[PDB]
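Form deposited in one PDB entry, single chain, as structure tokens, below.
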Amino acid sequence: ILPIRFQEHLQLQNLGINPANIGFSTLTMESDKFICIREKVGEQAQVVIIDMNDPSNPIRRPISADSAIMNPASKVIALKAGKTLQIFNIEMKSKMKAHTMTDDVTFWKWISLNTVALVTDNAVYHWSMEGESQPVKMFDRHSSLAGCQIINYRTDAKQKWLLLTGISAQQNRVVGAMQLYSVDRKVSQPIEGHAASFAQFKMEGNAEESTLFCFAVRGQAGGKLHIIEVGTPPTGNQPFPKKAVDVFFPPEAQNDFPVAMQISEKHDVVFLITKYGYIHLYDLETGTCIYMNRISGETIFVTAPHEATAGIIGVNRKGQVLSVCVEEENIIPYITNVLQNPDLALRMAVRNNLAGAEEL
């Protein structure tokens, strides 16, 4: 028995997608609802829009953009060409918004249902789709990310804790550089890190949720995962006790590192995927490593939460669209009998309302 369930949703090559376009710069998956792929067929640049609820009928539309990112919930698409940003409602055949930046945008992403984050060489901006809003600067980039490839940007639910991640080569390894910014304190902290996520977690005995920051890093000394509360606990709350645990890489994976993290608040588990195809599952509360295995041959370069299973969905370089989630019938007996951790088993059974801890 395994504590996780793997599912293949699609092979993009079966829909006519050229594998040269299956990569970080040309394929975006901002949520589990859509995949957008920029392709050039003949003279014309196009975007192929895969609706994940109707995936055998992808729609191809001409574009003149260097990047396209679909809204997480709606057929509203953001496109850019150098400094020109445009937002379309596709069903309404409508240009919702147009904005001309004064810097090129190196990385952008939807950070919520109605806000796009824009990263330039020098700063990070948020742009709300509500009313007549324009981009607002959130913070200046820290010099520790200068020259990095920007690979992610995430926030907590209230958009008060902001996290920018870049990577570069130093001493012959991929080194991650993060910038954590507090909107309320107006302070940045540079952190060595590869992949991260925020999560809301209500501790037993607390009236209010804690906001947790979780990050994984392969440092010079080895792999580590941290789970730490950000900010002052809400009044009345006990503080969340911070956790730090090892992240294992086997001897043959000397050059592997973390590339993606998603946290299930249904099960309070952390999914971590590495560059070279390994999946790890950690308990959010303790950081206990529940499971590790190799699940892709190919590098997985983009992920999103998988809403239906409260798991993680991802696309690999072959064009396989794959999800991983907690196997709700197996996770508790796995932790009891294979990990031999009846304490964790019992806790998770009761915490997340899972069957199996009736015998320990």
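Numbering starts at 1 and runs along the sequence shown.
There is also a form solved in complex with a partner chain; it is not shown, and the following applies to it.
Among residues of the shown chain, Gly23 is one whose heavy atoms approach the partner chain to within 4.5 Å in the deposited complex. When the partner chain is considered in the deposited complex, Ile167 lines it closely, a heavy atom lying within 4.5 Å. Within this chain, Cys289 is remote from the site of the partner chain in the deposited complex, having no heavy atom within 4.5 Å. Remark: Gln149 counts among the residues lining the partner chain in the deposited complex, judged by a heavy atom distance of 4.5 Å or less.
The stretch in contact with the partner chain in the deposited complex, judged by heavy atoms within 4.5 Å, is 169-177, chosen from 115-123, 128-136, 169-177, 264-272. None of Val105, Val259, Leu281, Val247 but one reaches within 4.5 angstroms of the partner chain in the deposited complex through a heavy atom, and that residue is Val259.
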